[PDB]
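This document starts with two versions of one protein chain, written out as structure tokens and named structure 1 and structure 2.
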Structure 1
């Protein structure tokens, strides 16, 4: 069903995450972590304190799809085992130093063709697939986007709910 999912998404905030490569999203799915550039790191830390759920919706550049979505379980922290991110040209390891812990809600993909009816008011009403890394997605659009993903039967949102 969709009732626990809707409960998790109630009054949530949503952010588009754009990865330049598949490798880093695969690592994030395996290890439950994400890192972003300092500008977005500060925004996500502010949002984590402001809302009961902050949802990251991932899309790999040139894939034509979203690869899933996850909820922040923590603000960024430094000083763990260095995650072996594949580094885009011009991006340093220090730039990705802040590590957020995340709980995946759906690890399944959604092609952009399925979200063509959803526009984001916080990005000039452009289709929700359009946006830079860190673009906030307004509540209604983000909720409807998350509800379009195929159900991920491998995830139990009970423990996710128990973190809110």
Structure 2
């Protein structure tokens, strides 16, 4: 696991509902507005691993974290995302393929000691959608998650 996390960049992904996360866990894909797509695509080219750490708002927990497998691609079968009020699929950028590293949950109470230096040292659970997490802080956060024996780490390693 630590090899997968080496020198990774971590991003806090705040979904407004559980459905979108369930979709992401079932289909291994993710999407977002173009401006955020551009940052993720640029970060994928330049970083050894791009880890998304998911947290559904109000849930009090992280729902897991996944690693970008590639830049975003267009022209796929439409996914039934639950989008913010007033957003349509036409406003979305492409779709990202993601390999889940851990699908198990982590409550905020087990991360109360981890503070994000890149967000005024507030607890890592606190942050806006997209807030980047400092390397060591993000690494420790991922290591607090329960082990998930259902994930094939070699499938993700071969893509690095």
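So that the term is clear: the rigid core is the largest set of C-alpha atoms that superpose within 1.5 Å between two forms. Residue numbers count along the first chain shown, from 1.
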message = If I align on the rigid core, exactly one of 118, 95, 56, 27 should have its C-alpha move by 2 Å or more between the two structures; which residue is that?
response = 95
key: Core-aligned Cα shift of residue 37 between the two structures, given in Å   = 2.3
note = Here the CA of residue 11, compared between the two structures on the core, is shifted in angstrom by 0.6
request  = Determine, in Å, the CA shift of residue 159 between the two structures after the rigid core is used for superposition.
outcome  = 1.1
